[PDB]
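Visitor: Would you mind keeping the following structure in view while I ask a few things?
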Amino acid sequence: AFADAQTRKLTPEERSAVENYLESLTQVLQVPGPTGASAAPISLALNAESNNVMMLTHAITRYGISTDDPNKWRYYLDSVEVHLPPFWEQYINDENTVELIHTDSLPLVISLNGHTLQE
């Protein structure tokens, strides 16, 4: 999926807001919504790649777990797991322009077709 994905350097401003979003994200937790076992949050750790943004047109999958209501959930880019902010769930169509940086876990989608994490 990331064989031909574009690439670009992330600005300090975009890196600050994002890191601010991911960091504040873990802090914002509500409605447990237990479903048996294995249902913990999903926060990615910023790595050296956190600077190199990856751009690709791909359909984002939505795998909910934190709750059974349109909220903080796990997304998937192709056969990989990704972090798509809850505000793009509606901005995500069949094929979308997804710009994400690969963290220590999964790639954080900093931007989307006609939208951004810190607009």
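Residues in the structure tokens are numbered from 1 in each chain, the chains being A, B, ... in the order shown, and ligands are numbered from 1 in the order shown.
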Would you please give, as a short mmCIF file (atom, residue, chain, number, x, y, z; two decimals) with N, CA and C atoms, in the first residue's frame, all residues of stretch 44-101 of chain A that DSSP assigns to strand (DSSP E) based on the backbone?

Guide:
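As written to disk, result.cif reads:
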```
data_model
loop_
_atom_site.label_atom_id
_atom_site.label_comp_id
_atom_site.auth_asym_id
_atom_site.auth_seq_id
_atom_site.Cartn_x
_atom_site.Cartn_y
_atom_site.Cartn_z
N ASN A 52 8.78 12.41 8.64
CA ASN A 52 8.52 12.11 7.24
C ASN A 52 7.06 11.71 7.02
N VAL A 53 6.28 12.61 6.42
CA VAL A 53 4.87 12.34 6.15
C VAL A 53 4.69 11.52 4.88
N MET A 54 3.82 10.52 4.96
CA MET A 54 3.54 9.65 3.83
C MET A 54 2.17 9.98 3.23
N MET A 55 2.14 10.20 1.92
CA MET A 55 0.90 10.53 1.23
C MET A 55 0.46 9.41 0.30
N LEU A 56 -0.80 9.00 0.41
CA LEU A 56 -1.32 7.93 -0.43
C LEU A 56 -2.83 7.98 -0.55
N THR A 57 -3.34 7.56 -1.71
CA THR A 57 -4.77 7.49 -1.92
C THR A 57 -5.21 6.09 -1.53
N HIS A 58 -5.99 5.98 -0.46
CA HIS A 58 -6.40 4.67 0.02
C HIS A 58 -7.67 4.75 0.86
N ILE A 60 -9.79 4.06 4.04
CA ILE A 60 -9.54 3.84 5.46
C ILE A 60 -10.62 2.98 6.09
N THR A 61 -10.20 1.95 6.81
CA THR A 61 -11.13 1.05 7.49
C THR A 61 -11.39 1.55 8.90
N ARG A 62 -12.55 1.23 9.44
CA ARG A 62 -12.91 1.67 10.79
C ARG A 62 -13.20 0.50 11.71
N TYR A 63 -12.28 0.22 12.62
CA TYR A 63 -12.45 -0.87 13.57
C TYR A 63 -12.67 -0.31 14.98
N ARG A 74 -10.14 2.50 16.05
CA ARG A 74 -8.93 2.18 15.30
C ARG A 74 -9.23 2.11 13.81
N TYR A 75 -8.34 2.67 12.99
CA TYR A 75 -8.54 2.65 11.56
C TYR A 75 -7.50 1.77 10.90
N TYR A 76 -7.73 1.39 9.65
CA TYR A 76 -6.79 0.52 8.96
C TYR A 76 -6.58 0.92 7.51
N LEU A 77 -5.32 1.14 7.16
CA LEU A 77 -4.94 1.50 5.80
C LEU A 77 -4.48 0.24 5.08
N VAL A 80 -2.74 -2.69 6.92
CA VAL A 80 -2.03 -2.12 8.07
C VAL A 80 -2.96 -1.30 8.96
N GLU A 81 -2.60 -1.18 10.23
CA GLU A 81 -3.39 -0.41 11.18
C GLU A 81 -2.93 1.04 11.21
N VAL A 82 -3.89 1.97 11.19
CA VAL A 82 -3.56 3.39 11.21
C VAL A 82 -4.48 4.18 12.14
N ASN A 96 -9.52 7.92 -0.64
CA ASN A 96 -9.21 9.23 -0.08
C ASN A 96 -7.73 9.50 0.00
N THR A 97 -7.39 10.78 -0.07
CA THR A 97 -6.01 11.21 0.05
C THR A 97 -5.63 11.21 1.52
N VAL A 98 -4.84 10.22 1.91
CA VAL A 98 -4.44 10.08 3.31
C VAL A 98 -2.96 10.34 3.53
N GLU A 99 -2.67 11.37 4.31
CA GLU A 99 -1.30 11.71 4.64
C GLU A 99 -1.03 11.32 6.08
N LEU A 100 -0.13 10.36 6.28
CA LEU A 100 0.17 9.88 7.62
C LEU A 100 1.65 9.65 7.84
N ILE A 101 2.07 9.76 9.09
CA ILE A 101 3.46 9.53 9.48
C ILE A 101 3.54 8.26 10.30
#
```

Visitor: List every residue of stretch 60-111 of chain A that has an atom at most 8 Å from any atom of stretch 1-19 of chain A, and for each one report the closest atom pair and its distance in Å to one decimal, counting only C-alpha atoms, with rows sorted by chain and then by increasing residue number, as JSON lines.

Guide:
```
{"residue": "A:77", "atom": "CA", "partner": "A:1", "partner_atom": "CA", "distance": 7.8}
{"residue": "A:78", "atom": "CA", "partner": "A:1", "partner_atom": "CA", "distance": 6.3}
{"residue": "A:79", "atom": "CA", "partner": "A:1", "partner_atom": "CA", "distance": 7.9}
{"residue": "A:110", "atom": "CA", "partner": "A:18", "partner_atom": "CA", "distance": 6.7}
```

Visitor: Just the number, please: distance in Å from atom CA of residue A:105 to atom CA of residue A:39, one decimal.

Guide: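 For atom CA of residue A:105 relative to atom CA of residue A:39, the distance reads 16.4 Å.
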
Visitor: Restricting the calculation to only C-alpha atoms: of A:85, A:41, A:70, A:33, which residue gets closest to residue A:111?

Guide: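 Counting only C-alpha atoms, the residue closest to residue A:111 is A:85.
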
Visitor: Find the residue from A:104, A:71, A:114, A:91 that sits nearest to residue A:30; use only C-alpha atoms when measuring.

Guide: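 Counting only C-alpha atoms, the residue closest to residue A:30 is A:71.
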
Visitor: With only C-alpha atoms as the atoms that count, which of A:118, A:49, A:86, A:36 lies nearest to residue A:69?

Guide: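 Closest to residue A:69, using only C-alpha atoms: A:86.
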
Visitor: DSSP on the backbone: what in stretch 14-113 of chain A comes out alpha helix (DSSP H), as a ChimeraX atom specification?

Guide: /A:14-27

Visitor: As an exercise, work out the distance from atom CA of residue A:47 to atom CA of residue A:102 in Å and give it to one decimal place.

Guide: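 Rounded to one decimal, the two atoms are 7.4 Å apart.
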
Visitor: Give me, please, the distance in Å between atom CA of residue A:20 and atom CA of residue A:94, quoted to one decimal.

Guide: 28.7 Å

Visitor: Given the choices A:109, A:93, A:115, A:42, which gets closest to residue A:64 if the distance is worked out from only C-alpha atoms?

Guide: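 Checking each candidate against residue A:64, we get A:42 as the closest.
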